[PDB]
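Spelled out, the chains give:
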Amino acid sequence: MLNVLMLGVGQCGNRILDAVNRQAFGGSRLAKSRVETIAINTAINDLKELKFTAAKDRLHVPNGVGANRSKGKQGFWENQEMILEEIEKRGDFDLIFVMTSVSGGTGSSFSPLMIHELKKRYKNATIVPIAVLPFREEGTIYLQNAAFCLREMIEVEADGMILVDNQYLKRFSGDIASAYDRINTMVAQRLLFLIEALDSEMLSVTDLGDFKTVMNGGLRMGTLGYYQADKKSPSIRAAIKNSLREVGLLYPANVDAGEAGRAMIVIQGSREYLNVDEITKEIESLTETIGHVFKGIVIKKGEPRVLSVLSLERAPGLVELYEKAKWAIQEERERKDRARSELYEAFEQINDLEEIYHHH
Ligand SMILES: Nc1nc2c(ncn2[C@@H]2O[C@H](COP(=O)(O)OP(=O)(O)O)[C@@H](O)[C@H]2O)c(=O)[nH]1
């Protein structure tokens, strides 16, 4: 009943979309809503490396952006109609995910621009960016791009934003390909669960209302939490708590500290595991630390799993990111003053030397 569009923009966005398509193939098999996916990139090598995305869903936008957001923005304007045309060919959508890193040149610049245009064309749509944050010790440009991208995302007034923190989720040491795969798999798993949840309880598109209410609360930024219980311990209470603890989140929000203002908790699993009274009692507990909590139960054969959609009131982790971008930009300037300073100093040294020379 739900028309969903997923747009993976830039390399990171492309790879997340590919993980979505990967996992979606498995979901399709079990089945015995329309979900469109477009991977958008200015680098054709990236689109070539995709493995589970149909050729028709790979959109090359000609023309080198690198990590230059200015060039990215220019690139978008030059190809804006072509990009939007590709989207409009696929009909109407009720729900749009725009997936990108905030640190590159293509994803981070196209995405806020694209959302602006999409909001005009699909006024009734729920449009949700999935914003992937850089590794802590990624370079200066990555941090700077991140800071300005996040600003534009808020400015463009989408329906909230799901934060994905590469640093917190970072695994496999120097094996960045494995790190990306773990992260991308977690994002895709959560998004697919989210879409399933929204689609199964749906009688009308206005049923996206509660989700929008959460996403538009507080800072208008949030994240997804997740926990799959095992057969041994199917406790819903534990399952609910574990999806709300940092280790369960895509971004390390501290729920116990009251950083989350709103939440949607979805419990999915075999009917025999689902005690409505118990679930209700657990949700009531959350209102201690979380202002408004909505809940959904989805019956589907399996050991229970929980998805949490959190909305943030506070995000100290993002402030830390901003300060590091700031510290970075500044250090480059001081490095340029010390060079001018030693050069001025050298000239004064030479003057004394020449003056000593002319006196002999
Ligand atoms: N989680 C995740 N992060 C990625 C992936 N690829 C790149 N990144 C991160 O995304 C940022 C680079 O942006 P990228 O999408 O590669 O640049 P773009 O193609 O110009 O938009 C850096 O912070 C990378 O660490 C990926 O597959 N998964």
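Residues numbered from 1 in each chain as written, not as in the entry; some residues may be left out. Heavy atoms only, no water.

Per the deposition metadata, X-ray crystallography was the technique used to determine this entry, at a resolution of 2.000 Å.

Bringing the site of the ligand into the picture now. In the vicinity of the ligand there are 19 residues, among which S101, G107, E138, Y180 and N184 approach most closely. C12 places a polar main-chain atom, nitrogen or oxygen, 3.0 Å from an oxygen atom of the ligand. The separation between an oxygen atom of the ligand and a polar side-chain atom of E138 is 2.6 Å. Contact with the protein chains hides 94% of the accessible area of the ligand, taken as 570 Å² for the molecule alone. (Near = heavy atom within 4 Å. Polar contact = N/O pair within 3.5 Å; in protein donor to acceptor, adjacent residues only side chain to side chain. Areas by Shrake-Rupley, 256 points an atom, 1.4 Å probe, with all protein chains shown as cover.)

Here helix α5 (residues 140-155) spans 23 Å end to end across 16 residues, near enough to the 22 Å set by a 1.5 Å rise per residue. For α5, every residue scored as buried is listed here: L143, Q144, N145, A146, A147, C149, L150, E152 and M153. Lining the buried residues of α5 we find α3 (69-88), β4 (95-101), α4 (107-121), β5 (126-133), β6 (162-165) and α11 (316-358). One or two positions beyond α5, positive phi appears at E157, with a value near 55°. (Helix = DSSP H or I, 4+ residues; strand = E, 2+ residues; numbered from the N terminus. Expected span 1.5 Å × (residues − 1). Buried < 20%, exposed > 50% of the residue type's maximum accessible area, 1.4 Å probe, protein only. Contact = heavy atoms within 4.5 Å.)

Moving on to the nonpolar core. One finds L7, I87, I96, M114, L118 and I265 to be the most contacted residues of the largest nonpolar core, which totals 61 residues. The element contributing the most residues to this core is α5, with six residues. In this structure, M114 is in contact with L7, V9, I40, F76, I83 and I87, ignoring residues within four places of it in sequence. Grouped together as the second largest cluster of nonpolar side chains are 43 residues, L50, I130, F193 and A197 included. (Core = buried A, V, L, I, M, F, W, Y, C linked by side-chain atoms within 4.5 Å.)

Next up on the list: the packing of aromatic side chains. As enumerated under the stated definition, the model contains four aromatic pairs in all. Residues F76 and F110 carry aromatic rings whose centres are separated by 5.4 Å and whose planes lie at 65° to one another, so their mutual orientation is edge-to-face. Here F110 lies in helix α4 and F76 lies in helix α3, a separation of 34 residues in the sequence. Judged by its relative accessible area of 0%, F110 falls in the buried class. When the centroid spacing of 5.9 Å and the interplanar angle of 90° are considered together, the rings of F193 and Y226 count as edge-to-face. (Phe/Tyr/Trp six-rings, centres within 6.5 Å; stacked < 30°, edge-to-face > 60°.)

Let's shift gears to empty space enclosed by the protein. Unoccupied space between atoms shows up once a probe the size of one water molecule is rolled over them. Computed from the structure, the largest cavity encloses a volume of approximately 60 Å³. Around the largest cavity, the lining residues are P129, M153, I154, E157, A158, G160, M161, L219 and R220. Of the residues that constitute the lining of the largest cavity, the class distribution is six nonpolar, one polar and two charged. Estimated volume of the second largest cavity: approximately 30 Å³. If you trace the second largest cavity, you find it lined by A197, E201, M264, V266, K295, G296, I297 and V298. Where the lining of the second largest cavity is concerned, the elements lending two or more residues are β8 (260-269) and β9 (292-299). The element contributing the most residues to the lining of the second largest cavity is β9, with four residues. Each residue belonging to the lining of the second largest cavity can be placed in one class, and the counts come to five nonpolar, one polar and two charged. (1 Å grid on protein atoms, 1.4 Å probe; cavity = no way out; pocket = protein on both sides within 12 Å on 5 of 7 lines; lining within 4 Å. Points joined across faces, edges and corners; volume = space filled by probe spheres on them. Nonpolar A, V, L, I, M, F, W, Y, C, P; charged D, E, K, R; others polar.)

For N63, which is not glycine, the phi dihedral falls at a positive 60°. Within the secondary structure, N63 is located in the loop between β3 (58-60) and α3. Here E157, not a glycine, exhibits a phi torsion of approximately 55°, which is positive. Take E157: it is sitting in the loop between α5 and β6. Classification of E157 by relative accessible area gives exposed; the value is 51%.

What follows is about the packing of α4 against α5. Here α4 crosses α5 at 5°, and the two axes come no closer than 9 Å. Classified by the interaxial angle, the pair formed by α4 and α5 is roughly parallel. Contacts between α4 and α5 involve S108, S111, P112 and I115 from the first element and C149, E152 and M153 from the second. (Axes fitted to C-alpha atoms, helices over the stretch in contact; angles between N-to-C directions. Parallel < 35°, antiparallel > 145°, perpendicular 65-115°, else oblique.)

For the rest of this paragraph, the subject is the side chain of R69. Looking at the secondary structure, you find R69 in helix α3. Overall, the relative accessible area of 7% leaves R69 in the buried class. Within the local environment of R69, its side chain forms a polar contact with the side chain of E152, the two groups lying 2.8 Å apart. In contact with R69, other than residues within four places in its own chain, are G104, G105, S108, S109, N145, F148, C149 and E152.

Okay, the side chain of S108 next. Tracing the chain through its elements places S108 in helix α4. Side-chain polar atoms of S108 contact the backbone oxygen of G104, separated by 2.5 Å.

For strand β10 (residues 305-312), the tally of buried residues reaches eight of eight residues, placing the bulk of the element in the interior. Residues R305, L307, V309 and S311 line one face of β10 and the alternating positions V306, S308, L310 and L312 line the opposite face, and both faces are buried. As paired elements, strand β7 (residues 222-228) and β10 share seven bridges and run antiparallel to each other. Note on β10: the bridge partner recorded for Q228 is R305. Pairing of β8 with β10 involves eight bridges; the strand directions are antiparallel. Across the sheet, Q268 pairs through a bridge with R305, a residue of β10. (Pairing = 2+ DSSP bridges.)

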